[PDB]
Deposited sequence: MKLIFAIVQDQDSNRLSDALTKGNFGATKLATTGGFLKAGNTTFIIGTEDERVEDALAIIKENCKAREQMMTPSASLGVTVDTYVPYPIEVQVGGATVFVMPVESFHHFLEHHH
């Protein structure tokens, strides 16, 4: 399991949550906007691909992503 911290532009935010849900990822937003995204190790590449694809220029556009190891995952 991996925890992904994705920092993206506000402009990109809404469409990225749509794309992330569409792709079956559970995500959380905190305002640039920061997304926290839990994924299984295999699905990581898919997630990045979505993020890459949904980051556009406002003239300039970008996204920064961190992939963090998870000791354990729990859903209650």
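Sequence ranges 32 to 40, 68 to 91, 110 to 114 have no coordinates in this entry (deposited sequence, numbered from 1, C-alpha basis).
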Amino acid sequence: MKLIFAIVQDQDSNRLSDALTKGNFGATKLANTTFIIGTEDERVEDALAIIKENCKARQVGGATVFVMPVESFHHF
From here on, numbers count along this sequence of modelled residues.
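Higher mean CA temperature factor between 5 to 13 and 21 to 29: 21 to 29, per the PDB entry. Per the deposited record, the Cα B-factor of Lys56 falls in the middle third when ranked against the other modelled residues of its chain.
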